[PDB]
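Here's protein_0.cif, which has mmCIF, C-alpha atoms and all ligand atoms:
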data_work
#
loop_
_atom_site.label_atom_id
_atom_site.label_comp_id
_atom_site.auth_asym_id
_atom_site.auth_seq_id
_atom_site.Cartn_x
_atom_site.Cartn_y
_atom_site.Cartn_z
CA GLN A 11 116.65 22.47 98.03
CA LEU A 12 115.74 21.44 101.59
CA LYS A 13 118.78 19.15 101.41
CA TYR A 14 121.01 22.03 100.25
CA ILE A 15 119.82 24.14 103.19
CA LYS A 16 120.43 21.27 105.60
CA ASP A 17 123.91 20.48 104.20
CA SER A 18 124.84 24.17 104.64
CA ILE A 19 124.41 23.96 108.44
CA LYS A 20 127.57 22.86 110.31
CA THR A 21 127.74 20.67 113.45
CA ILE A 22 130.26 21.31 116.22
CA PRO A 23 130.66 18.35 118.60
CA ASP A 24 131.15 18.69 122.36
CA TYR A 25 130.13 22.33 122.29
CA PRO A 26 129.08 23.95 124.52
CA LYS A 27 129.73 20.83 126.64
CA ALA A 28 130.67 17.23 125.81
CA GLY A 29 128.01 15.11 124.07
CA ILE A 30 126.02 17.98 122.53
CA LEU A 31 126.21 18.31 118.74
CA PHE A 32 125.89 22.07 118.18
CA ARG A 33 123.95 22.95 115.05
CA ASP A 34 125.48 26.17 113.75
CA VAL A 35 123.19 28.28 111.58
CA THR A 36 125.87 30.93 110.86
CA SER A 37 127.22 28.72 108.03
CA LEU A 38 123.83 28.98 106.35
CA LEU A 39 123.89 32.78 106.75
CA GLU A 40 127.13 33.08 104.83
CA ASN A 41 125.86 30.93 101.89
CA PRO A 42 123.72 33.31 99.81
CA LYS A 43 121.87 30.51 98.01
CA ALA A 44 120.96 28.62 101.18
CA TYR A 45 120.01 31.85 103.02
CA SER A 46 117.73 33.25 100.30
CA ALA A 47 116.17 29.81 99.77
CA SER A 48 115.40 29.60 103.49
CA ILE A 49 113.61 32.95 103.37
CA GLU A 50 111.85 31.94 100.13
CA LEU A 51 110.50 28.73 101.69
CA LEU A 52 109.38 30.34 104.94
CA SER A 53 107.62 33.23 103.16
CA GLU A 54 105.90 31.19 100.46
CA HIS A 55 104.69 28.79 103.14
CA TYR A 56 102.63 31.66 104.63
CA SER A 57 101.75 33.58 101.45
CA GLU A 58 98.04 32.70 101.73
CA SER A 59 97.87 33.07 105.48
CA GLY A 60 96.63 36.66 105.84
CA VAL A 61 99.61 37.38 108.07
CA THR A 62 99.76 41.12 108.98
CA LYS A 63 102.86 41.25 111.27
CA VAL A 64 105.96 39.16 111.86
CA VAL A 65 107.51 38.96 115.31
CA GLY A 66 111.04 37.74 116.05
CA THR A 67 113.05 37.63 119.26
CA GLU A 68 116.55 39.05 119.47
CA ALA A 69 118.99 38.32 118.04
CA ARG A 70 118.96 35.27 115.74
CA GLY A 71 115.23 35.60 115.35
CA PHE A 72 115.90 38.95 113.69
CA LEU A 73 117.92 37.16 110.97
CA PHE A 74 114.98 35.13 109.82
CA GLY A 75 111.90 37.09 110.92
CA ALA A 76 112.75 40.41 109.35
CA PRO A 77 113.53 39.07 105.90
CA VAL A 78 110.30 37.03 105.97
CA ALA A 79 108.44 40.22 106.90
CA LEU A 80 110.00 42.07 104.01
CA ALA A 81 109.14 39.23 101.62
CA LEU A 82 105.54 39.15 102.81
CA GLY A 83 105.35 42.97 102.66
CA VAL A 84 104.36 43.22 106.35
CA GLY A 85 105.69 45.05 109.41
CA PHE A 86 108.36 43.51 111.62
CA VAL A 87 108.08 43.75 115.42
CA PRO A 88 111.02 42.91 117.70
CA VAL A 89 110.82 41.12 121.01
CA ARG A 90 113.79 42.07 123.21
CA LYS A 91 115.44 41.56 126.56
CA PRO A 92 114.44 44.31 129.01
CA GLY A 93 115.61 47.90 128.74
CA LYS A 94 116.23 47.94 125.01
CA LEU A 95 112.83 49.06 123.65
CA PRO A 96 112.21 52.82 124.12
CA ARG A 97 108.40 53.08 124.06
CA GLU A 98 105.78 51.52 126.34
CA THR A 99 106.22 47.76 126.73
CA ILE A 100 104.61 44.83 128.37
CA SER A 101 106.69 41.97 129.71
CA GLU A 102 106.68 38.18 130.13
CA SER A 103 109.06 35.98 132.19
CA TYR A 104 110.49 32.65 131.09
CA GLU A 105 112.91 30.08 132.50
CA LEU A 106 116.51 29.70 131.48
CA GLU A 107 118.38 26.60 132.62
CA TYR A 108 119.85 28.57 135.53
CA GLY A 109 117.35 31.29 136.38
CA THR A 110 114.70 33.56 134.94
CA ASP A 111 114.62 36.30 132.37
CA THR A 112 112.00 38.43 130.66
CA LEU A 113 111.03 39.49 127.19
CA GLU A 114 109.39 42.77 126.20
CA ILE A 115 107.36 44.04 123.26
CA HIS A 116 106.06 47.51 122.27
CA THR A 117 102.39 47.77 123.30
CA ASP A 118 101.62 49.90 120.23
CA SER A 119 103.09 47.47 117.69
CA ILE A 120 100.39 44.82 118.06
CA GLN A 121 96.65 45.55 118.04
CA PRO A 122 93.39 43.60 117.95
CA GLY A 123 92.88 42.05 114.52
CA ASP A 124 96.57 41.49 113.86
CA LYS A 125 97.37 38.07 112.43
CA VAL A 126 100.94 37.45 113.66
CA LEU A 127 103.64 35.06 112.52
CA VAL A 128 106.49 34.27 114.92
CA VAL A 129 109.81 33.34 113.30
CA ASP A 130 112.98 32.10 115.03
CA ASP A 131 116.12 30.26 114.00
CA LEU A 132 115.93 27.09 116.05
CA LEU A 133 113.27 25.41 118.16
CA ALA A 134 114.70 23.91 121.30
CA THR A 135 112.66 23.98 124.56
CA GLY A 136 110.36 26.66 123.16
CA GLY A 137 110.35 28.80 126.33
CA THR A 138 111.07 32.12 124.61
CA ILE A 139 108.45 31.41 121.94
CA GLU A 140 105.87 30.50 124.55
CA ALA A 141 106.55 33.84 126.31
CA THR A 142 106.39 35.63 122.97
CA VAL A 143 102.99 34.08 122.17
CA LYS A 144 101.65 35.41 125.50
CA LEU A 145 102.90 38.92 124.78
CA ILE A 146 101.20 38.96 121.38
CA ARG A 147 97.91 37.60 122.68
CA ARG A 148 97.82 40.03 125.62
CA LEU A 149 97.79 42.87 123.08
CA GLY A 150 94.85 41.42 121.16
CA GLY A 151 96.97 39.84 118.43
CA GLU A 152 96.12 36.47 116.92
CA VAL A 153 99.00 33.95 116.68
CA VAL A 154 98.71 30.31 115.60
CA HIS A 155 101.94 29.94 113.57
CA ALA A 156 105.62 29.65 114.49
CA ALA A 157 108.33 29.03 111.88
CA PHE A 158 111.93 27.93 112.33
CA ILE A 159 114.90 26.95 110.27
CA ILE A 160 115.74 24.11 112.70
CA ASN A 161 113.64 21.89 114.97
CA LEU A 162 115.25 19.72 117.67
CA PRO A 163 112.16 17.59 118.33
CA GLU A 164 113.72 15.78 121.31
CA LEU A 165 113.75 18.98 123.41
CA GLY A 166 109.91 19.06 123.43
CA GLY A 167 109.51 22.55 121.98
CA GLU A 168 106.97 21.57 119.37
CA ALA A 169 104.83 19.56 121.79
CA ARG A 170 104.83 22.44 124.21
CA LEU A 171 103.78 25.00 121.57
CA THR A 172 101.04 22.61 120.39
CA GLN A 173 99.59 22.94 123.92
CA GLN A 174 99.23 26.72 123.32
CA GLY A 175 97.51 26.11 119.98
CA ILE A 176 100.62 26.88 117.89
CA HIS A 177 101.35 25.12 114.56
CA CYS A 178 105.13 24.87 114.15
CA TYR A 179 106.73 24.72 110.74
CA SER A 180 110.42 23.86 110.52
CA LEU A 181 112.64 23.47 107.48
CA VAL A 182 114.94 20.82 108.91
CA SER A 183 115.12 18.68 112.01
CA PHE A 184 118.05 17.24 113.99
CA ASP A 185 118.49 14.56 116.64
CA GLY A 186 119.95 15.28 120.05
CA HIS A 187 119.76 17.78 122.87
CA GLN B 11 111.17 58.63 99.78
CA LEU B 12 114.03 59.67 102.07
CA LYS B 13 111.49 61.97 103.75
CA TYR B 14 109.02 59.08 104.17
CA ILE B 15 111.74 56.99 105.81
CA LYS B 16 112.70 59.87 108.09
CA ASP B 17 109.08 60.65 109.06
CA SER B 18 108.60 56.96 110.00
CA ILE B 19 111.24 57.19 112.77
CA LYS B 20 109.83 58.31 116.16
CA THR B 21 111.58 60.51 118.76
CA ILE B 22 111.24 59.88 122.50
CA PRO B 23 112.34 62.85 124.62
CA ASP B 24 114.21 62.52 127.93
CA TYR B 25 114.99 58.89 127.27
CA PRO B 26 117.18 57.27 128.42
CA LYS B 27 117.93 60.41 130.49
CA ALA B 28 116.67 64.00 130.38
CA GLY B 29 117.75 66.11 127.39
CA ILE B 30 118.41 63.23 124.97
CA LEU B 31 115.99 62.88 122.06
CA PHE B 32 115.91 59.13 121.43
CA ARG B 33 115.58 58.23 117.76
CA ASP B 34 113.57 55.01 117.66
CA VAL B 35 114.10 52.89 114.57
CA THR B 36 111.53 50.23 115.61
CA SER B 37 108.75 52.43 114.15
CA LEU B 38 110.44 52.16 110.77
CA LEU B 39 110.65 48.37 111.14
CA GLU B 40 106.90 48.06 111.56
CA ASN B 41 106.14 50.19 108.44
CA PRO B 42 106.61 47.81 105.50
CA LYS B 43 107.00 50.60 102.93
CA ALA B 44 109.63 52.49 104.91
CA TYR B 45 111.50 49.27 105.83
CA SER B 46 111.68 47.86 102.29
CA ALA B 47 112.60 51.29 100.91
CA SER B 48 115.46 51.52 103.42
CA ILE B 49 116.82 48.16 102.26
CA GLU B 50 116.28 49.16 98.61
CA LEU B 51 118.30 52.38 99.03
CA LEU B 52 121.15 50.77 100.96
CA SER B 53 121.48 47.87 98.49
CA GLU B 54 121.23 49.90 95.29
CA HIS B 55 123.80 52.31 96.69
CA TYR B 56 126.35 49.45 96.66
CA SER B 57 125.14 47.51 93.59
CA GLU B 58 128.27 48.39 91.58
CA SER B 59 130.67 48.03 94.48
CA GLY B 60 131.88 44.44 94.03
CA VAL B 61 130.85 43.73 97.61
CA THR B 62 131.27 40.00 98.44
CA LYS B 63 130.18 39.89 102.14
CA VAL B 64 128.06 41.98 104.47
CA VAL B 65 128.89 42.19 108.15
CA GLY B 66 126.51 43.42 110.86
CA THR B 67 126.84 43.55 114.64
CA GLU B 68 124.17 42.14 116.91
CA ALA B 69 121.36 42.86 117.23
CA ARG B 70 120.00 45.90 115.36
CA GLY B 71 122.74 45.57 112.81
CA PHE B 72 121.21 42.21 111.90
CA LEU B 73 117.96 43.99 110.94
CA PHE B 74 119.61 46.01 108.25
CA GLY B 75 122.74 44.06 107.28
CA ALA B 76 121.12 40.73 106.55
CA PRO B 77 118.42 42.06 104.25
CA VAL B 78 121.04 44.09 102.36
CA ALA B 79 123.09 40.90 102.00
CA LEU B 80 120.11 39.04 100.64
CA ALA B 81 119.35 41.87 98.20
CA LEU B 82 122.94 41.95 96.99
CA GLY B 83 123.01 38.13 96.76
CA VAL B 84 126.01 37.89 99.12
CA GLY B 85 126.80 36.08 102.37
CA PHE B 86 125.99 37.63 105.74
CA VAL B 87 128.50 37.40 108.60
CA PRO B 88 127.52 38.26 112.19
CA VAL B 89 129.68 40.07 114.71
CA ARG B 90 128.63 39.13 118.25
CA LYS B 91 129.33 39.65 121.92
CA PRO B 92 131.60 36.92 123.29
CA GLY B 93 130.51 33.33 123.79
CA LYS B 94 127.77 33.27 121.18
CA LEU B 95 129.67 32.13 118.06
CA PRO B 96 130.45 28.38 118.08
CA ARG B 97 133.46 28.11 115.73
CA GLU B 98 136.92 29.68 115.97
CA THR B 99 136.80 33.44 116.54
CA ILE B 100 139.07 36.38 116.87
CA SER B 101 138.21 39.25 119.18
CA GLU B 102 138.46 43.03 119.49
CA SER B 103 137.80 45.25 122.56
CA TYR B 104 135.99 48.58 122.52
CA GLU B 105 134.90 51.15 125.09
CA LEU B 106 131.41 51.54 126.45
CA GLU B 107 130.60 54.65 128.47
CA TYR B 108 131.18 52.69 131.68
CA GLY B 109 133.69 49.97 130.87
CA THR B 110 134.94 47.69 128.13
CA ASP B 111 133.46 44.93 126.05
CA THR B 112 134.54 42.79 123.11
CA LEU B 113 133.22 41.72 119.76
CA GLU B 114 133.94 38.44 118.00
CA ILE B 115 133.80 37.15 114.44
CA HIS B 116 134.24 33.67 112.88
CA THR B 117 137.80 33.42 111.49
CA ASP B 118 136.57 31.27 108.59
CA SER B 119 133.87 33.69 107.43
CA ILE B 120 136.24 36.34 106.09
CA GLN B 121 139.21 35.60 103.83
CA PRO B 122 141.77 37.54 101.79
CA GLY B 123 140.10 39.08 98.73
CA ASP B 124 136.76 39.64 100.43
CA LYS B 125 135.25 43.06 99.75
CA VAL B 126 133.15 43.69 102.88
CA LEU B 127 130.29 46.08 103.58
CA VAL B 128 129.46 46.88 107.21
CA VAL B 129 125.83 47.81 107.91
CA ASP B 130 124.34 49.06 111.19
CA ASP B 131 121.21 50.90 112.24
CA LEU B 132 122.60 54.08 113.76
CA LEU B 133 125.99 55.76 113.84
CA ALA B 134 126.73 57.28 117.21
CA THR B 135 130.32 57.22 118.58
CA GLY B 136 131.32 54.53 116.09
CA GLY B 137 133.23 52.41 118.62
CA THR B 138 131.63 49.08 117.70
CA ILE B 139 132.12 49.78 113.99
CA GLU B 140 135.74 50.69 114.51
CA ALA B 141 136.27 47.36 116.34
CA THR B 142 134.38 45.55 113.58
CA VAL B 143 136.62 47.10 110.90
CA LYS B 144 139.69 45.78 112.75
CA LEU B 145 138.26 42.27 112.94
CA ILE B 146 137.58 42.21 109.21
CA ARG B 147 140.99 43.58 108.26
CA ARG B 148 142.83 41.16 110.56
CA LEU B 149 141.33 38.30 108.53
CA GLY B 150 142.52 39.74 105.22
CA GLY B 151 139.18 41.31 104.31
CA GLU B 152 138.95 44.68 102.58
CA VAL B 153 136.50 47.20 104.10
CA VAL B 154 136.08 50.84 103.06
CA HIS B 155 132.27 51.21 103.37
CA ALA B 156 129.89 51.50 106.32
CA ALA B 157 126.16 52.12 105.86
CA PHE B 158 123.55 53.22 108.39
CA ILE B 159 119.94 54.20 108.52
CA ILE B 160 120.72 57.04 110.96
CA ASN B 161 123.76 59.27 111.50
CA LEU B 162 124.10 61.46 114.62
CA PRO B 163 126.96 63.59 113.27
CA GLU B 164 127.50 65.41 116.59
CA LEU B 165 128.75 62.22 118.30
CA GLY B 166 131.83 62.13 116.00
CA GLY B 167 131.28 58.64 114.62
CA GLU B 168 131.74 59.60 110.99
CA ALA B 169 134.90 61.62 111.63
CA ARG B 170 136.36 58.75 113.58
CA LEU B 171 135.62 56.17 110.85
CA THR B 172 137.09 58.55 108.25
CA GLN B 173 140.37 58.24 110.20
CA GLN B 174 140.30 54.46 109.52
CA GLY B 175 139.66 55.05 105.81
CA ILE B 176 135.92 54.28 106.02
CA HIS B 177 133.34 56.02 103.79
CA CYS B 178 130.07 56.27 105.74
CA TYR B 179 126.74 56.41 103.97
CA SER B 180 123.66 57.28 106.01
CA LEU B 181 120.05 57.66 104.92
CA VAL B 182 119.08 60.32 107.44
CA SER B 183 120.79 62.47 110.01
CA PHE B 184 119.64 63.93 113.35
CA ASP B 185 120.88 66.62 115.73
CA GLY B 186 121.77 65.91 119.32
CA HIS B 187 123.62 63.43 121.47
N1 LIG A 201 122.26 21.15 119.57
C1 LIG A 201 121.95 22.46 119.60
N2 LIG A 201 122.37 23.31 118.64
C2 LIG A 201 122.07 24.62 118.65
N3 LIG A 201 121.34 25.20 119.62
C3 LIG A 201 120.85 24.47 120.64
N4 LIG A 201 120.11 24.75 121.71
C4 LIG A 201 119.92 23.60 122.42
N5 LIG A 201 120.54 22.57 121.81
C5 LIG A 201 121.13 23.04 120.70
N1 LIG A 202 119.64 60.05 120.35
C1 LIG A 202 119.91 58.73 120.20
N2 LIG A 202 119.00 57.88 119.69
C2 LIG A 202 119.25 56.57 119.52
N3 LIG A 202 120.42 56.00 119.85
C3 LIG A 202 121.42 56.72 120.38
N4 LIG A 202 122.66 56.45 120.79
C4 LIG A 202 123.23 57.60 121.23
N5 LIG A 202 122.37 58.63 121.11
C5 LIG A 202 121.22 58.16 120.58
NA NA A 203 98.53 47.74 121.01
NA NA A 204 139.50 33.43 107.34
#

Rendering of file as structure tokens:
Amino acid sequence: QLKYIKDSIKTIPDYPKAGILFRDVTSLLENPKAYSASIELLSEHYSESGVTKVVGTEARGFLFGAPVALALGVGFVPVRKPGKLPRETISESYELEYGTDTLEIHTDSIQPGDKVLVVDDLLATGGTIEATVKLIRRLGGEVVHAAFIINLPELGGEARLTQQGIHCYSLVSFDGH
Amino acid sequence: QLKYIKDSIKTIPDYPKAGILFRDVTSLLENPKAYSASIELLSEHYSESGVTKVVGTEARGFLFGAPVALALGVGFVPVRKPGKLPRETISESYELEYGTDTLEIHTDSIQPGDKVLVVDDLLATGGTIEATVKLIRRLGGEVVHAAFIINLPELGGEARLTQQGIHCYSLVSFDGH
């Protein structure tokens, strides 16, 4: 199963620059068996967790977070780049390689007592997830779990989230930057 | 049911400019009953359709297309703004209010014989959907169905898609621009 999921992910060499082996999750998306298995494994992993909300960042986070939310029977809450959410938001900044950006969340969608799972497609540096954790906690939400399809351990994302008290669960792992 | 879905959607007046009543689908997302019902109704509507792929545009399209794909047991194929898909793409342009943009799809993810359902959150002018239809058809895919949570009939999206031979199915409809 885990092997069938991993085999369904394609690698594109020298993209987006020479030396990087791009791990392309869209090939998993188009394989119904691998996609539904991925959602099955993520959701069952947290079935006993008392999770009350799932949060995912746009856009690829939506592809894994929302189905997990549906499978758990809990609400899904999007985290978006600025100017896309219509109600009251709070905001957190994070670093890109070449500058800064921000993420927003609806202030009403998280409240004290919420047990929140964050789901994303791939864990790289972990900067967006670290900003997302801060957003949730500022609103009185509890978050100690982040789930991914792919972990790239060499980029230090997991170590960094560990520093914030986050337990990361990933289905597969790959070498490289 | 349809009423419970519709009541779960919030309206924000004078956003993003005065006079517009913004219909905010994020309130549906965070209501597990309304969200799972929405996916149930969309999927059952096409259960007998012989659909073999579902396509959704980023990002809000992902939130409805991918769960429908999972429920139908078929592959999901993303349509994205340029420079996000890693494998070979084709491209189509469309008009925004203030300029032009393009959408891309993976050339390998659609092939002759595919029966394709397009799913999005809200039907407004229909420009992105019209570009998406062209992408699918260029790759030998058959598409005659588009599904939405919300239709804003006054913006002419449905009439425009009818001209391309698309049958639109929407769960709820709202007045206004
Ligand atoms: N190798 C890789 N594949 C996909 N996404 C990435 N982000 C950073 N490195 C990556
Ligand atoms: N009233 C409205 N609500 C949400 N999205 C829109 N796009 C165009 N008009 C809209
Ligand atoms: Na709140
Ligand atoms: Na093709």

Around ligand NA 203 (chain A), which protein and nucleic acid residues have at least one atom no more than 6 Å from it, if we count all atoms listed in the file? List them as a ChimeraX atom specification. /A:117-121,149

Give me the residues near residue 163 of chain B as a PDB file with C-alpha atoms, in the frame of the given file, where near means some atom within 12 Å (using only C-alpha atoms) and where sequence neighbours in that chain fewer than 5 positions away do not count.
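Just written: around.pdb:
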ATOM      1  CA  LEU B 132     122.600  54.080 113.760  1.00  0.00           C
ATOM      2  CA  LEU B 133     125.990  55.760 113.840  1.00  0.00           C
ATOM      3  CA  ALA B 134     126.730  57.280 117.210  1.00  0.00           C
ATOM      4  CA  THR B 135     130.320  57.220 118.580  1.00  0.00           C
ATOM      5  CA  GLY B 136     131.320  54.530 116.090  1.00  0.00           C
ATOM      6  CA  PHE B 158     123.550  53.220 108.390  1.00  0.00           C
ATOM      7  CA  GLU B 168     131.740  59.600 110.990  1.00  0.00           C
ATOM      8  CA  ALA B 169     134.900  61.620 111.630  1.00  0.00           C
ATOM      9  CA  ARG B 170     136.360  58.750 113.580  1.00  0.00           C
ATOM     10  CA  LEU B 171     135.620  56.170 110.850  1.00  0.00           C
ATOM     11  CA  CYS B 178     130.070  56.270 105.740  1.00  0.00           C
ATOM     12  CA  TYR B 179     126.740  56.410 103.970  1.00  0.00           C
ATOM     13  CA  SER B 180     123.660  57.280 106.010  1.00  0.00           C
ATOM     14  CA  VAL B 182     119.080  60.320 107.440  1.00  0.00           C
ATOM     15  CA  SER B 183     120.790  62.470 110.010  1.00  0.00           C
ATOM     16  CA  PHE B 184     119.640  63.930 113.350  1.00  0.00           C
ATOM     17  CA  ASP B 185     120.880  66.620 115.730  1.00  0.00           C
ATOM     18  CA  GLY B 186     121.770  65.910 119.320  1.00  0.00           C
ATOM     19  CA  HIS B 187     123.620  63.430 121.470  1.00  0.00           C
TER      20      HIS B 187
END

Name all residues at most 10 Å from residue 81 of chain B (count all atoms listed in the file; drop same-chain ones fewer than 5 positions away) and give them as a ChimeraX atom specification. /A:42,46 /B:49-50,52-54,57,75-76

Go ahead and write the selection's residues with C-alpha atoms as a PDB file, in the frame of the given file.
ATOM      1  CA  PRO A  42     123.720  33.310  99.810  1.00  0.00           C
ATOM      2  CA  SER A  46     117.730  33.250 100.300  1.00  0.00           C
TER       3      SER A  46
ATOM      4  CA  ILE B  49     116.820  48.160 102.260  1.00  0.00           C
ATOM      5  CA  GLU B  50     116.280  49.160  98.610  1.00  0.00           C
ATOM      6  CA  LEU B  52     121.150  50.770 100.960  1.00  0.00           C
ATOM      7  CA  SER B  53     121.480  47.870  98.490  1.00  0.00           C
ATOM      8  CA  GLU B  54     121.230  49.900  95.290  1.00  0.00           C
ATOM      9  CA  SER B  57     125.140  47.510  93.590  1.00  0.00           C
ATOM     10  CA  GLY B  75     122.740  44.060 107.280  1.00  0.00           C
ATOM     11  CA  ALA B  76     121.120  40.730 106.550  1.00  0.00           C
TER      12      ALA B  76
END

If the limit is 12 Å from any atom of ligand NA 204 (chain A), counting all atoms listed in the file, which residues qualify? Return them as JSON, numbers by chain. {"B": [87, 97, 98, 99, 100, 115, 116, 117, 118, 119, 120, 121, 122, 123, 124, 145, 146, 147, 148, 149, 150, 151]}

For atom CA of residue 96 of chain A and atom CA of residue 15 of chain B, quote the distance in Å rounded to one decimal.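 Interatomic distance, atom CA of residue 96 of chain A to atom CA of residue 15 of chain B: 18.8 Å.
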
Using only C-alpha atoms - which residues lie no farther than 9 Å from the point (114.0, 37.1, 117.0) in the file's frame? Write them as a VMD selection string. chain A and resid 65 to 76 88 to 90 128 to 131

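Between ligand LIG 201 (chain A) and the residues B:104, B:25, B:95, B:137, the shortest atom-to-atom distance, using all atoms listed in the file, involves B:95.
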